[PDB]
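K.L.:
Mind looking over this structure? Questions follow.
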Protein chains: 4
Amino acid sequence: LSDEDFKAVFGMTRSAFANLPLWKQXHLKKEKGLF
Amino acid sequence: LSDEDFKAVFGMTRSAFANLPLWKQXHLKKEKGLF
Amino acid sequence: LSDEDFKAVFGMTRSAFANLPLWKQXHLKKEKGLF
Amino acid sequence: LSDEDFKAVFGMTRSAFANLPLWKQXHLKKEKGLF
């Protein structure tokens, strides 16, 4: 993945994303067109 | 987890999860801290 | 795959890969499309 | 190992494993540290 890739799409590093609640991770991925 | 908490954590029912390949079940459990 | 091509594809030596749990080896082989 | 545990560890059934050359059976057992 890499932070810069995560920052570019989600506005936060992978570390931060990974700490979000699971249902927020699977919201953000829907919003960003990823699945 | 109870069935309801399983849905709340995994985002699918225990029955949906159990139809996934074992390798993917034991990814999804590890992804969280439930294995 | 040759040792050098294995490292290019999986990002790690065959030795390291073999230390992974089978579920993760059989995730990675899926993620890359290998048997 | 039980039959199901053997599949979980080696990635194949006991009867499939039996159709590997003995040198490879005796590779796999060592790769898994099962001795």
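K.L.:
Within the stretch A:12-31, count every residue that is surrounded by 11 or more Cβ atoms within 10 Å (Cβ to Cβ) and more than 14 Å from every other protein chain (Cβ to nearest Cβ).
P.N.:
Residues in the stretch A:12-31 being surrounded by 11 or more Cβ atoms within 10 Å (Cβ to Cβ) and more than 14 Å from every other protein chain (Cβ to nearest Cβ): 3 in total.
K.L.:
Those residues that are free of Cβ contacts under 8 Å to residues at least 12 places away in the same chain and in a helix (DSSP H, G or I), I need them from the stretch B:11-30; list them, please. Break it down into steps so the answer makes sense when it comes.
P.N.:
Let us first name the residues in the stretch B:11-30 that are free of Cβ contacts under 8 Å to residues at least 12 places away in the same chain, namely B:11-27, B:29-30.
Passing the criteria: B:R14, B:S15, B:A16, B:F17, B:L22, B:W23, B:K24, B:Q25, B:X26, B:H27, B:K29, B:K30.
No Cβ is skipped: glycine too gets one built from the backbone with ideal geometry, and neighbour counts run over all protein chains shown. All of the numbers you see were taken from the coordinates with simple rules; none came from a lab.
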